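Chemist: Okay, here's the structure, questions in a sec.
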Amino acid sequence: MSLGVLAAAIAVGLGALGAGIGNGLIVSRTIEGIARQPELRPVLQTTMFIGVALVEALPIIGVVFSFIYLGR
């Protein structure tokens, strides 16, 4: 309950924003790797959608951080 913590809420949203994309890219990396298989040929499509969905975390989280400032 202060201003300092507030900034922490922002620095957090910004951290999970850029970090999030990385967490989604990391998972997407391994996800797409499994698709590399023959029986997992269709998995590629699943990895492609999972990647984009992960990109939706950039703006999503970005909104969170912004919301924090507003005071949540």
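Computed from the coordinates by the stated procedures, all read-outs in this text should not be read as laboratory data. We place every Cβ from the backbone using ideal geometry, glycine too, and count neighbours over all the protein chains shown.
Chemist: Determine, from the Cβ-Cβ distance of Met1 and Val63 and an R0 of 22 Å, the FRET efficiency 1/(1 + (r/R0)^6), rounded to the nearest 0.05.
Modeler: Efficiency computed from Cβ-Cβ geometry: 0.45.
Chemist: Regarding the chain, what's the average projected area of the Cα-atom convex hull, expressed in nm²?
Modeler: 4.8
Chemist: What ranking of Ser28, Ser2 emerges when the number of other C-beta atoms within 10 Å of each C-beta is taken as an exposure proxy, fewest first?
Modeler: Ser2, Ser28
Chemist: Restricting to Cα pairs below 8 Å that are 6+ residues apart, what does the relative contact order work out to for the chain? Please round to a whole percent.
Modeler: 51
Chemist: Net charge around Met48, counting only other residues with Cβ within less than 15 Å of its Cβ (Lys, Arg = +1; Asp, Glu = -1)?
Modeler: +1
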